[PDB]
file target_27.txt (compact mmCIF, C-alpha atoms and all ligand atoms)
# COMPACT_ATOMS: atom_id res chain seq x y z
CA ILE A 1 85.71 111.99 124.47
CA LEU A 2 86.70 109.08 122.21
CA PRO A 3 84.35 107.43 119.75
CA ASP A 4 82.98 104.05 120.83
CA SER A 5 83.93 102.52 117.48
CA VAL A 6 86.29 103.33 114.67
CA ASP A 7 86.97 101.77 111.30
CA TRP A 8 89.53 103.61 109.22
CA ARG A 9 88.56 101.49 106.16
CA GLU A 10 85.28 103.47 106.02
CA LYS A 11 87.40 106.67 105.70
CA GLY A 12 89.36 105.49 102.65
CA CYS A 13 92.54 105.23 104.72
CA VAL A 14 93.24 101.50 104.21
CA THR A 15 94.48 99.78 101.05
CA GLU A 16 93.59 96.28 99.86
CA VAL A 17 94.70 93.33 101.97
CA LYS A 18 98.10 91.96 100.91
CA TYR A 19 99.52 88.40 100.91
CA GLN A 20 103.04 88.01 102.23
CA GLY A 21 103.24 84.38 101.10
CA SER A 22 106.24 82.43 102.40
CA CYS A 23 108.39 85.49 103.23
CA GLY A 24 108.21 86.66 106.86
CA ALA A 25 107.74 90.32 105.99
CA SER A 26 104.68 91.10 108.21
CA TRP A 27 106.75 93.91 109.74
CA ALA A 28 107.07 95.48 106.28
CA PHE A 29 103.38 95.25 105.49
CA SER A 30 102.46 96.66 108.92
CA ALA A 31 104.79 99.67 108.38
CA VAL A 32 103.57 100.51 104.89
CA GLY A 33 99.96 100.06 106.04
CA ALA A 34 100.34 102.63 108.77
CA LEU A 35 102.08 105.06 106.40
CA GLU A 36 99.45 104.56 103.65
CA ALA A 37 96.87 105.97 106.05
CA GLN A 38 98.97 109.06 106.89
CA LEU A 39 99.56 109.66 103.15
CA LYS A 40 95.84 109.58 102.58
CA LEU A 41 95.19 111.95 105.50
CA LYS A 42 97.83 114.35 104.16
CA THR A 43 97.41 114.22 100.36
CA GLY A 44 93.86 112.85 99.91
CA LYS A 45 95.18 109.94 97.78
CA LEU A 46 95.31 106.28 98.77
CA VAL A 47 98.22 104.32 97.29
CA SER A 48 99.77 100.99 98.28
CA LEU A 49 103.39 101.53 99.31
CA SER A 50 106.20 99.10 98.63
CA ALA A 51 106.63 96.44 101.33
CA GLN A 52 109.34 95.04 99.07
CA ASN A 53 111.28 98.34 99.32
CA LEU A 54 111.49 97.77 103.07
CA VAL A 55 112.39 94.09 102.76
CA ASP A 56 115.30 94.81 100.39
CA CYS A 57 116.59 98.16 101.76
CA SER A 58 115.69 98.43 105.49
CA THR A 59 118.22 95.69 106.26
CA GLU A 60 121.20 95.12 108.73
CA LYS A 61 121.72 98.78 109.68
CA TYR A 62 118.02 98.76 110.75
CA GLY A 63 118.22 95.42 112.60
CA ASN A 64 115.95 93.69 110.07
CA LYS A 65 116.40 90.43 108.15
CA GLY A 66 113.90 90.81 105.31
CA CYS A 67 111.93 87.56 104.87
CA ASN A 68 113.26 86.45 108.28
CA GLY A 69 111.68 89.29 110.22
CA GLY A 70 112.08 92.90 111.28
CA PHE A 71 110.68 95.84 113.22
CA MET A 72 108.14 98.41 112.08
CA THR A 73 110.02 101.13 114.06
CA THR A 74 113.23 100.67 112.09
CA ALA A 75 111.26 100.40 108.87
CA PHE A 76 109.95 103.93 109.62
CA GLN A 77 113.52 105.06 110.49
CA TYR A 78 114.64 103.72 107.10
CA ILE A 79 111.97 105.71 105.27
CA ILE A 80 113.04 108.78 107.30
CA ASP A 81 116.75 108.33 106.57
CA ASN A 82 116.12 107.37 102.93
CA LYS A 83 113.91 110.46 102.40
CA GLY A 84 111.15 108.29 100.86
CA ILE A 85 109.60 104.98 99.93
CA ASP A 86 108.45 103.79 96.48
CA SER A 87 104.93 102.88 95.41
CA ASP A 88 103.99 99.21 95.46
CA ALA A 89 103.26 99.46 91.70
CA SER A 90 106.83 100.63 90.93
CA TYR A 91 108.50 98.25 93.35
CA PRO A 92 106.18 95.21 93.64
CA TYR A 93 106.20 92.45 96.21
CA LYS A 94 108.07 89.28 95.20
CA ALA A 95 108.12 87.53 98.61
CA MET A 96 111.89 87.12 98.56
CA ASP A 97 115.03 88.94 99.65
CA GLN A 98 116.42 91.05 96.78
CA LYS A 99 119.01 93.72 96.14
CA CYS A 100 117.69 97.16 97.11
CA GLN A 101 116.05 98.71 94.05
CA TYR A 102 114.83 102.00 95.59
CA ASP A 103 114.43 104.76 93.02
CA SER A 104 113.54 108.35 94.06
CA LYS A 105 111.77 108.73 90.69
CA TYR A 106 108.91 106.50 91.95
CA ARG A 107 108.77 107.83 95.53
CA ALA A 108 105.14 107.76 96.74
CA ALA A 109 105.59 108.85 100.39
CA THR A 110 107.92 110.29 102.95
CA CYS A 111 108.02 110.03 106.76
CA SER A 112 109.12 112.79 109.18
CA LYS A 113 108.97 110.82 112.44
CA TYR A 114 107.37 107.93 114.26
CA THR A 115 106.01 107.57 117.77
CA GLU A 116 106.12 104.48 120.02
CA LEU A 117 103.34 103.90 122.55
CA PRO A 118 103.88 102.61 126.09
CA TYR A 119 103.97 98.86 126.70
CA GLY A 120 100.60 97.24 127.38
CA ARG A 121 98.55 100.47 127.42
CA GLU A 122 95.34 99.64 125.60
CA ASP A 123 93.88 102.97 126.69
CA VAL A 124 96.73 104.82 124.99
CA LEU A 125 96.43 102.61 121.87
CA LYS A 126 92.69 103.35 121.63
CA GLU A 127 93.39 107.04 121.77
CA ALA A 128 96.11 106.90 119.09
CA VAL A 129 93.84 104.80 116.83
CA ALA A 130 91.02 107.37 117.22
CA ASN A 131 93.09 110.54 117.01
CA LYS A 132 96.07 109.66 114.81
CA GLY A 133 95.19 106.76 112.55
CA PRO A 134 95.96 103.12 112.11
CA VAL A 135 98.78 101.94 114.37
CA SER A 136 101.39 99.28 113.60
CA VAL A 137 101.48 96.56 116.27
CA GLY A 138 103.09 93.24 117.04
CA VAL A 139 101.00 90.22 118.08
CA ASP A 140 101.80 86.69 119.27
CA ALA A 141 100.57 84.75 116.24
CA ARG A 142 102.14 81.33 117.10
CA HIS A 143 98.84 79.60 117.86
CA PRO A 144 96.73 77.48 115.55
CA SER A 145 93.65 79.31 116.85
CA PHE A 146 95.11 82.49 115.31
CA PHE A 147 95.72 81.15 111.83
CA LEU A 148 92.51 79.07 111.89
CA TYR A 149 90.41 82.12 112.92
CA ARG A 150 87.37 82.68 110.68
CA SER A 151 85.12 85.18 112.48
CA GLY A 152 84.05 86.84 115.73
CA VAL A 153 86.24 88.17 118.54
CA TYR A 154 89.45 86.15 118.87
CA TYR A 155 90.46 85.22 122.42
CA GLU A 156 93.15 82.60 123.10
CA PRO A 157 94.07 81.66 126.72
CA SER A 158 97.53 80.42 125.62
CA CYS A 159 98.38 83.74 123.93
CA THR A 160 101.35 85.62 125.37
CA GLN A 161 102.45 89.27 125.39
CA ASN A 162 105.61 88.47 123.38
CA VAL A 163 105.09 89.53 119.80
CA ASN A 164 106.29 87.74 116.68
CA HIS A 165 104.10 88.99 113.80
CA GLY A 166 103.48 92.56 112.61
CA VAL A 167 99.91 93.70 111.81
CA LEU A 168 97.92 96.98 111.59
CA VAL A 169 95.23 98.14 113.96
CA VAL A 170 92.77 99.93 111.68
CA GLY A 171 90.04 100.36 114.24
CA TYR A 172 88.19 99.21 117.32
CA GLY A 173 84.70 98.41 118.53
CA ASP A 174 82.58 95.80 120.27
CA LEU A 175 80.53 92.79 119.17
CA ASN A 176 77.50 92.51 121.49
CA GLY A 177 79.69 93.88 124.33
CA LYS A 178 82.91 91.93 123.57
CA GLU A 179 85.45 94.69 122.94
CA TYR A 180 87.90 94.19 120.06
CA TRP A 181 90.72 95.64 118.01
CA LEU A 182 90.07 95.63 114.26
CA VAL A 183 93.31 94.20 112.82
CA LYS A 184 94.56 94.09 109.23
CA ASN A 185 96.73 91.10 108.44
CA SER A 186 98.94 90.34 105.46
CA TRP A 187 97.84 86.70 104.90
CA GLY A 188 95.52 87.58 102.03
CA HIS A 189 91.76 87.83 101.65
CA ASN A 190 91.19 84.21 102.77
CA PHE A 191 92.47 84.73 106.31
CA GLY A 192 89.72 85.49 108.80
CA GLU A 193 87.15 88.15 108.03
CA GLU A 194 88.25 89.00 104.49
CA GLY A 195 91.86 89.48 105.58
CA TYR A 196 91.02 90.99 108.99
CA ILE A 197 90.81 89.65 112.53
CA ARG A 198 88.90 91.11 115.46
CA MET A 199 91.11 90.53 118.51
CA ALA A 200 90.13 90.81 122.20
CA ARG A 201 90.54 94.36 123.54
CA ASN A 202 90.87 95.40 127.22
CA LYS A 203 91.68 91.79 128.21
CA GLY A 204 95.14 92.22 129.68
CA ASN A 205 97.18 93.04 126.55
CA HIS A 206 95.89 89.95 124.79
CA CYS A 207 98.49 88.46 122.38
CA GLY A 208 100.70 91.53 123.14
CA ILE A 209 98.58 93.71 120.82
CA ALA A 210 99.62 96.80 122.85
CA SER A 211 103.19 95.60 123.69
CA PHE A 212 104.94 97.57 120.92
CA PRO A 213 102.64 99.95 119.03
CA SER A 214 104.02 102.61 116.72
CA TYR A 215 102.84 104.99 114.03
CA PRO A 216 104.53 107.32 111.55
CA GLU A 217 103.76 110.91 110.64
CA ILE A 218 104.22 113.04 107.51
CA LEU A 219 105.01 116.79 108.03
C1 LIG B 301 119.10 100.37 114.60
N1 LIG B 301 118.52 99.35 115.42
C2 LIG B 301 117.43 99.56 116.20
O1 LIG B 301 116.81 100.60 116.32
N2 LIG B 301 117.19 98.34 116.83
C3 LIG B 301 116.08 98.14 117.76
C4 LIG B 301 116.23 98.91 119.01
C5 LIG B 301 114.88 99.23 119.60
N3 LIG B 301 113.93 98.15 119.36
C6 LIG B 301 112.75 98.30 120.23
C7 LIG B 301 111.40 98.51 119.58
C8 LIG B 301 110.38 97.95 120.48
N4 LIG B 301 110.21 96.46 120.28
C9 LIG B 301 110.71 95.58 121.20
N5 LIG B 301 110.60 94.30 121.12
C10 LIG B 301 109.94 93.77 120.02
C11 LIG B 301 109.40 94.57 119.03
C12 LIG B 301 108.72 93.99 117.90
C13 LIG B 301 107.68 94.66 117.28
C14 LIG B 301 107.04 94.11 116.20
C15 LIG B 301 107.43 92.89 115.73
CL1 LIG B 301 106.59 92.24 114.36
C16 LIG B 301 108.46 92.17 116.31
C17 LIG B 301 108.88 90.83 115.79
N6 LIG B 301 110.14 90.89 115.11
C18 LIG B 301 111.07 89.95 115.22
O2 LIG B 301 110.92 88.95 115.91
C19 LIG B 301 112.31 90.15 114.46
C20 LIG B 301 112.89 89.09 113.78
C21 LIG B 301 114.05 89.27 113.07
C22 LIG B 301 114.62 90.52 113.06
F1 LIG B 301 115.77 90.70 112.37
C23 LIG B 301 114.09 91.59 113.72
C24 LIG B 301 112.93 91.39 114.43
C25 LIG B 301 109.10 92.74 117.40
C26 LIG B 301 109.54 96.04 119.15
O3 LIG B 301 109.11 96.87 118.35
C27 LIG B 301 113.61 98.05 117.92
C28 LIG B 301 114.77 98.40 117.05
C29 LIG B 301 118.12 97.41 116.44
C30 LIG B 301 118.27 96.08 116.79
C31 LIG B 301 119.31 95.39 116.22
CL2 LIG B 301 119.53 93.72 116.66
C32 LIG B 301 120.20 95.99 115.32
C33 LIG B 301 120.02 97.33 114.97
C34 LIG B 301 118.96 98.03 115.55
call {"tool": "encode", "arguments": {"input": "target_27.txt", "output": "structure tokens"}}
result
Amino acid sequence: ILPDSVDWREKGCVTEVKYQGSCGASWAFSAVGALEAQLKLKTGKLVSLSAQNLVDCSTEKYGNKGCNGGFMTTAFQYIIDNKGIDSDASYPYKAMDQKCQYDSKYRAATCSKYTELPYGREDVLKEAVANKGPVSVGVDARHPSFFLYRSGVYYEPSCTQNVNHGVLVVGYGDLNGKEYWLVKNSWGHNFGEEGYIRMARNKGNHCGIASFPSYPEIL
């Protein structure tokens, strides 16, 4: 039996909203966000992890292009292969492509594995969000209605299932019966509902929210 609503922010499992600025590193913020939650679950401590570490180091071998986009899955694989990721404090976000500056001295997390969820399965996503934690997802964000969103449950008829922007599902619920996914963005505190957007849930994989979900785990 799954809870009707979840909000991982209420459990201390979500860090402050970040601002990617003019560097297309949403994939990096989505990956660290998911891992931050697992680190909290495991160690009891909440610390922002370095999105910049991913931008600079999870590069061509991982199919990523830093400020020109990437995948959360291969970000996790990088952390796995690298045997860690630095704290955001030690390796702060500069919103540009840099030389890899990873230093094991300032490692704040590791990752053992990651799991991908099946395409379009909102039922499976719900279950992972309830039972595992926040889940990294892609959405189709190429719609003025998306970046102009201020409040409520976002539904956009022109939205497609083909994803182009990485975000973090940190919960789910309903607003007077309109089901939603509670989504953490990386466009700062001024986007939407204090950095968050509530996006239509159980409406046919709206904006591809459930197209390519993944989440990491720490042994
Ligand atoms: C080592 N290695 C990989 O292992 N991959 C893939 C192989 C498996 N895919 C499938 C994962 C499922 N999936 C399939 N389609 C789209 C997204 C997806 C998810 C989230 C987001 Cl945010 C985006 C958007 N990303 C981009 O558009 C993008 C832009 C520039 C890039 F360089 C990379 C991605 C796509 C997604 O996860 C991901 C890594 C690789 C791909 C390349 Cl060209 C080179 C090396 C790779």
call {"tool": "atom_distance", "arguments": {"input": "target_27.txt", "atom1": "atom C26 of ligand LIG 301 (chain B)", "atom2": "CA of residue 101 (chain A)"}}
result
26.1 Å
call {"tool": "closest_atom_pairs", "arguments": {"input": "target_27.txt", "of": "chain A", "to": "ligand LIG 301 (chain B)", "cutoff": "6 Å", "atoms": "all atoms listed in the file", "output": "Markdown table"}}
result
| residue | atom | partner | partner_atom | distance |
| --- | --- | --- | --- | --- |
| A:27 | CA | B:LIG301 | CL1 | 4.9 |
| A:61 | CA | B:LIG301 | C33 | 5.7 |
| A:62 | CA | B:LIG301 | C1 | 4.3 |
| A:63 | CA | B:LIG301 | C32 | 3.4 |
| A:64 | CA | B:LIG301 | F1 | 3.8 |
| A:65 | CA | B:LIG301 | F1 | 4.3 |
| A:68 | CA | B:LIG301 | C21 | 5.6 |
| A:69 | CA | B:LIG301 | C21 | 3.7 |
| A:70 | CA | B:LIG301 | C23 | 3.4 |
| A:71 | CA | B:LIG301 | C14 | 5.0 |
| A:74 | CA | B:LIG301 | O1 | 5.5 |
| A:138 | CA | B:LIG301 | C14 | 4.1 |
| A:163 | CA | B:LIG301 | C16 | 5.5 |
| A:164 | CA | B:LIG301 | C17 | 4.1 |
| A:165 | CA | B:LIG301 | CL1 | 4.1 |
| A:166 | CA | B:LIG301 | CL1 | 3.6 |
| A:212 | CA | B:LIG301 | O3 | 4.9 |
call {"tool": "atom_distance", "arguments": {"input": "target_27.txt", "atom1": "CA of residue 52 (chain A)", "atom2": "CA of residue 198 (chain A)"}}
result
26.5 Å
call {"tool": "residues_around", "arguments": {"input": "target_27.txt", "residues": "residue 79 (chain A)", "least_positions_apart": "6", "cutoff": "10 Å", "atoms": "only C-alpha atoms", "output": "ChimeraX atom specification"}}
result
/A:31-32,35,53-54,57-58,85-86,109-113,216
call {"tool": "closest_residue", "arguments": {"input": "target_27.txt", "among": "A:92, A:7, A:149, A:98", "to": "residue 187 (chain A)", "atoms": "all atoms listed in the file"}}
result
A:149
call {"tool": "closest_residue", "arguments": {"input": "target_27.txt", "among": "A:177, A:128, A:217, A:137", "to": "residue 36 (chain A)", "atoms": "all atoms listed in the file"}}
result
A:217
call {"tool": "closest_residue", "arguments": {"input": "target_27.txt", "among": "A:99, A:9, A:121, A:105", "to": "residue 211 (chain A)", "atoms": "all atoms listed in the file"}}
result
A:121
call {"tool": "atom_distance", "arguments": {"input": "target_27.txt", "atom1": "CA of residue 55 (chain A)", "atom2": "CA of residue 14 (chain A)"}}
result
20.6 Å
call {"tool": "closest_residue", "arguments": {"input": "target_27.txt", "among": "A:90, A:205, A:59, A:50", "to": "residue 139 (chain A)", "atoms": "all atoms listed in the file"}}
result
A:205
call {"tool": "residues_around", "arguments": {"input": "target_27.txt", "residues": "residue 173 (chain A)", "least_positions_apart": "3", "cutoff": "10 Å", "atoms": "all atoms listed in the file", "output": "list in words"}}
result
residues 3, 4, 5, 6, 7, 126, 176, 177, 178, 179, 180, 181, 182, 198 and 201 of chain A
call {"tool": "residues_around", "arguments": {"input": "target_27.txt", "residues": "residue 122 (chain A)", "least_positions_apart": "5", "cutoff": "9 Å", "atoms": "only C-alpha atoms", "output": "ChimeraX atom specification"}}
result
/A:127,201-202,204-205,209-210
call {"tool": "residues_around", "arguments": {"input": "target_27.txt", "residues": "residue 33 (chain A)", "least_positions_apart": "6", "cutoff": "12 Å", "atoms": "all atoms listed in the file", "output": "CSV table (one decimal) with C-alpha atoms, keeping the file's coordinate frame"}}
result
chain,number,residue,atom,x,y,z
A,8,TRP,CA,89.5,103.6,109.2
A,9,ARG,CA,88.6,101.5,106.2
A,13,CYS,CA,92.5,105.2,104.7
A,14,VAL,CA,93.2,101.5,104.2
A,15,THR,CA,94.5,99.8,101.0
A,16,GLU,CA,93.6,96.3,99.9
A,17,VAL,CA,94.7,93.3,102.0
A,18,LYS,CA,98.1,92.0,100.9
A,26,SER,CA,104.7,91.1,108.2
A,27,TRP,CA,106.8,93.9,109.7
A,39,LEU,CA,99.6,109.7,103.2
A,40,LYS,CA,95.8,109.6,102.6
A,46,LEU,CA,95.3,106.3,98.8
A,47,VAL,CA,98.2,104.3,97.3
A,48,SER,CA,99.8,101.0,98.3
A,49,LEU,CA,103.4,101.5,99.3
A,50,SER,CA,106.2,99.1,98.6
A,51,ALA,CA,106.6,96.4,101.3
A,72,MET,CA,108.1,98.4,112.1
A,75,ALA,CA,111.3,100.4,108.9
A,76,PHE,CA,110.0,103.9,109.6
A,88,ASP,CA,104.0,99.2,95.5
A,109,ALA,CA,105.6,108.8,100.4
A,133,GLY,CA,95.2,106.8,112.6
A,134,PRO,CA,96.0,103.1,112.1
A,135,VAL,CA,98.8,101.9,114.4
A,136,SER,CA,101.4,99.3,113.6
A,137,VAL,CA,101.5,96.6,116.3
A,166,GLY,CA,103.5,92.6,112.6
A,167,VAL,CA,99.9,93.7,111.8
A,168,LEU,CA,97.9,97.0,111.6
A,169,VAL,CA,95.2,98.1,114.0
A,170,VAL,CA,92.8,99.9,111.7
A,183,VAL,CA,93.3,94.2,112.8
A,184,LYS,CA,94.6,94.1,109.2
A,185,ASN,CA,96.7,91.1,108.4
A,186,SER,CA,98.9,90.3,105.5
A,214,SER,CA,104.0,102.6,116.7
A,215,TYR,CA,102.8,105.0,114.0
A,216,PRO,CA,104.5,107.3,111.6
call {"tool": "closest_residue", "arguments": {"input": "target_27.txt", "among": "A:45, A:94, A:107, A:150", "to": "residue 12 (chain A)", "atoms": "all atoms listed in the file"}}
result
A:45
call {"tool": "closest_residue", "arguments": {"input": "target_27.txt", "among": "A:195, A:30, A:60, A:218", "to": "residue 114 (chain A)", "atoms": "only C-alpha atoms"}}
result
A:218
call {"tool": "decode", "arguments": {"input": "target_27.txt", "residues": "region 90-205 of chain A", "atoms": "C-alpha atoms", "output": "PDB file, in the first residue's frame"}}
result
ATOM      1  CA  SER A  90      34.864  21.914  -1.999  1.00  0.00           C
ATOM      2  CA  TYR A  91      34.099  21.935  -5.707  1.00  0.00           C
ATOM      3  CA  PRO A  92      31.585  24.778  -6.276  1.00  0.00           C
ATOM      4  CA  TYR A  93      29.425  25.461  -9.288  1.00  0.00           C
ATOM      5  CA  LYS A  94      30.837  27.971 -11.788  1.00  0.00           C
ATOM      6  CA  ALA A  95      28.365  27.388 -14.651  1.00  0.00           C
ATOM      7  CA  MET A  96      31.124  26.692 -17.159  1.00  0.00           C
ATOM      8  CA  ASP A  97      33.128  23.788 -18.544  1.00  0.00           C
ATOM      9  CA  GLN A  98      36.407  23.386 -16.607  1.00  0.00           C
ATOM     10  CA  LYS A  99      39.269  20.956 -16.244  1.00  0.00           C
ATOM     11  CA  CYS A 100      38.347  18.100 -13.904  1.00  0.00           C
ATOM     12  CA  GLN A 101      39.379  19.086 -10.369  1.00  0.00           C
ATOM     13  CA  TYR A 102      38.134  15.994  -8.477  1.00  0.00           C
ATOM     14  CA  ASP A 103      40.018  15.418  -5.232  1.00  0.00           C
ATOM     15  CA  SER A 104      39.395  12.294  -3.087  1.00  0.00           C
ATOM     16  CA  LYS A 105      40.298  14.385  -0.023  1.00  0.00           C
ATOM     17  CA  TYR A 106      36.923  16.211  -0.284  1.00  0.00           C
ATOM     18  CA  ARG A 107      34.803  13.184  -1.287  1.00  0.00           C
ATOM     19  CA  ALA A 108      31.310  13.559   0.239  1.00  0.00           C
ATOM     20  CA  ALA A 109      29.534  10.531  -1.294  1.00  0.00           C
ATOM     21  CA  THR A 110      29.929   7.313  -3.193  1.00  0.00           C
ATOM     22  CA  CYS A 111      27.521   5.337  -5.405  1.00  0.00           C
ATOM     23  CA  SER A 112      27.343   1.519  -5.685  1.00  0.00           C
ATOM     24  CA  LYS A 113      24.774   1.249  -8.488  1.00  0.00           C
ATOM     25  CA  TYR A 114      21.852   2.907 -10.198  1.00  0.00           C
ATOM     26  CA  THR A 115      18.532   1.582 -11.434  1.00  0.00           C
ATOM     27  CA  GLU A 116      16.579   2.680 -14.528  1.00  0.00           C
ATOM     28  CA  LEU A 117      12.781   2.470 -14.511  1.00  0.00           C
ATOM     29  CA  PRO A 118      10.676   1.316 -17.470  1.00  0.00           C
ATOM     30  CA  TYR A 119       9.618   3.861 -20.087  1.00  0.00           C
ATOM     31  CA  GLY A 120       6.345   5.670 -19.370  1.00  0.00           C
ATOM     32  CA  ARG A 121       5.426   3.711 -16.222  1.00  0.00           C
ATOM     33  CA  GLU A 122       4.033   6.279 -13.818  1.00  0.00           C
ATOM     34  CA  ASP A 123       2.903   3.480 -11.516  1.00  0.00           C
ATOM     35  CA  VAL A 124       6.475   2.215 -11.243  1.00  0.00           C
ATOM     36  CA  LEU A 125       7.803   5.778 -10.739  1.00  0.00           C
ATOM     37  CA  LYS A 126       5.313   6.376  -7.916  1.00  0.00           C
ATOM     38  CA  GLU A 127       6.473   3.234  -6.202  1.00  0.00           C
ATOM     39  CA  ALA A 128      10.178   4.103  -6.531  1.00  0.00           C
ATOM     40  CA  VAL A 129       9.513   7.637  -5.223  1.00  0.00           C
ATOM     41  CA  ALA A 130       7.668   6.203  -2.183  1.00  0.00           C
ATOM     42  CA  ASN A 131       9.969   3.290  -1.424  1.00  0.00           C
ATOM     43  CA  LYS A 132      13.417   4.390  -2.602  1.00  0.00           C
ATOM     44  CA  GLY A 133      13.635   8.164  -2.621  1.00  0.00           C
ATOM     45  CA  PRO A 134      13.764  11.028  -5.032  1.00  0.00           C
ATOM     46  CA  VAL A 135      14.197   9.883  -8.636  1.00  0.00           C
ATOM     47  CA  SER A 136      16.110  11.658 -11.407  1.00  0.00           C
ATOM     48  CA  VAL A 137      13.940  12.236 -14.484  1.00  0.00           C
ATOM     49  CA  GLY A 138      14.003  13.940 -17.853  1.00  0.00           C
ATOM     50  CA  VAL A 139      11.188  16.274 -18.937  1.00  0.00           C
ATOM     51  CA  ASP A 140      10.330  18.116 -22.157  1.00  0.00           C
ATOM     52  CA  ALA A 141      10.960  21.682 -20.982  1.00  0.00           C
ATOM     53  CA  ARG A 142      10.908  23.415 -24.431  1.00  0.00           C
ATOM     54  CA  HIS A 143       7.620  25.242 -23.867  1.00  0.00           C
ATOM     55  CA  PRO A 144       7.102  28.787 -22.648  1.00  0.00           C
ATOM     56  CA  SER A 145       4.343  27.482 -20.374  1.00  0.00           C
ATOM     57  CA  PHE A 146       7.035  25.476 -18.544  1.00  0.00           C
ATOM     58  CA  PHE A 147       9.444  28.314 -17.887  1.00  0.00           C
ATOM     59  CA  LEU A 148       6.601  30.791 -17.225  1.00  0.00           C
ATOM     60  CA  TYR A 149       4.985  28.423 -14.666  1.00  0.00           C
ATOM     61  CA  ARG A 150       4.252  30.094 -11.316  1.00  0.00           C
ATOM     62  CA  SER A 151       1.917  27.762  -9.403  1.00  0.00           C
ATOM     63  CA  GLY A 152      -0.625  24.934  -9.466  1.00  0.00           C
ATOM     64  CA  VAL A 153      -0.511  21.702 -11.466  1.00  0.00           C
ATOM     65  CA  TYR A 154       1.274  22.191 -14.791  1.00  0.00           C
ATOM     66  CA  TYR A 155      -0.420  20.626 -17.818  1.00  0.00           C
ATOM     67  CA  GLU A 156       0.636  21.538 -21.376  1.00  0.00           C
ATOM     68  CA  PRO A 157      -1.163  19.962 -24.394  1.00  0.00           C
ATOM     69  CA  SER A 158       1.870  20.585 -26.648  1.00  0.00           C
ATOM     70  CA  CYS A 159       4.233  18.725 -24.290  1.00  0.00           C
ATOM     71  CA  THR A 160       5.901  15.628 -25.730  1.00  0.00           C
ATOM     72  CA  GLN A 161       7.425  12.471 -24.219  1.00  0.00           C
ATOM     73  CA  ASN A 162      10.903  13.354 -25.555  1.00  0.00           C
ATOM     74  CA  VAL A 163      12.999  14.701 -22.732  1.00  0.00           C
ATOM     75  CA  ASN A 164      15.538  17.523 -22.896  1.00  0.00           C
ATOM     76  CA  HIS A 165      15.983  18.782 -19.310  1.00  0.00           C
ATOM     77  CA  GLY A 166      16.984  16.858 -16.172  1.00  0.00           C
ATOM     78  CA  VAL A 167      15.049  17.415 -12.902  1.00  0.00           C
ATOM     79  CA  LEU A 168      14.351  15.546  -9.620  1.00  0.00           C
ATOM     80  CA  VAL A 169      11.060  14.048  -8.542  1.00  0.00           C
ATOM     81  CA  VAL A 170      11.037  14.632  -4.786  1.00  0.00           C
ATOM     82  CA  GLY A 171       7.458  13.609  -4.218  1.00  0.00           C
ATOM     83  CA  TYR A 172       3.892  13.277  -5.403  1.00  0.00           C
ATOM     84  CA  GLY A 173       0.354  14.185  -4.402  1.00  0.00           C
ATOM     85  CA  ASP A 174      -2.839  15.817  -5.591  1.00  0.00           C
ATOM     86  CA  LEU A 175      -4.268  19.342  -5.574  1.00  0.00           C
ATOM     87  CA  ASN A 176      -8.059  19.092  -5.127  1.00  0.00           C
ATOM     88  CA  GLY A 177      -7.964  15.811  -7.116  1.00  0.00           C
ATOM     89  CA  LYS A 178      -5.462  16.864  -9.836  1.00  0.00           C
ATOM     90  CA  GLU A 179      -2.624  14.376  -9.391  1.00  0.00           C
ATOM     91  CA  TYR A 180       0.937  15.708  -9.664  1.00  0.00           C
ATOM     92  CA  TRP A 181       4.630  14.955  -9.435  1.00  0.00           C
ATOM     93  CA  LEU A 182       6.536  17.265  -7.075  1.00  0.00           C
ATOM     94  CA  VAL A 183       9.583  18.288  -9.147  1.00  0.00           C
ATOM     95  CA  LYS A 184      12.777  20.060  -8.080  1.00  0.00           C
ATOM     96  CA  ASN A 185      14.308  22.224 -10.773  1.00  0.00           C
ATOM     97  CA  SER A 186      17.711  23.886 -11.004  1.00  0.00           C
ATOM     98  CA  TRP A 187      16.528  27.338 -12.220  1.00  0.00           C
ATOM     99  CA  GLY A 188      16.803  28.919  -8.782  1.00  0.00           C
ATOM    100  CA  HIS A 189      14.281  29.979  -6.153  1.00  0.00           C
ATOM    101  CA  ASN A 190      12.435  32.319  -8.571  1.00  0.00           C
ATOM    102  CA  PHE A 191      11.240  29.560 -10.882  1.00  0.00           C
ATOM    103  CA  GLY A 192       7.756  28.326 -10.071  1.00  0.00           C
ATOM    104  CA  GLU A 193       6.850  27.408  -6.523  1.00  0.00           C
ATOM    105  CA  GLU A 194      10.092  28.443  -4.821  1.00  0.00           C
ATOM    106  CA  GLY A 195      12.184  26.448  -7.291  1.00  0.00           C
ATOM    107  CA  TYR A 196       9.683  23.590  -7.662  1.00  0.00           C
ATOM    108  CA  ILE A 197       7.013  22.681 -10.200  1.00  0.00           C
ATOM    109  CA  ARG A 198       4.007  20.427  -9.699  1.00  0.00           C
ATOM    110  CA  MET A 199       3.596  18.536 -12.992  1.00  0.00           C
ATOM    111  CA  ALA A 200       0.575  16.505 -14.162  1.00  0.00           C
ATOM    112  CA  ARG A 201       0.724  12.872 -12.986  1.00  0.00           C
ATOM    113  CA  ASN A 202      -1.162   9.899 -14.500  1.00  0.00           C
ATOM    114  CA  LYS A 203      -1.907  11.916 -17.669  1.00  0.00           C
ATOM    115  CA  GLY A 204      -0.168   9.787 -20.274  1.00  0.00           C
ATOM    116  CA  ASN A 205       3.498  10.350 -19.377  1.00  0.00           C
TER     117      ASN A 205
END
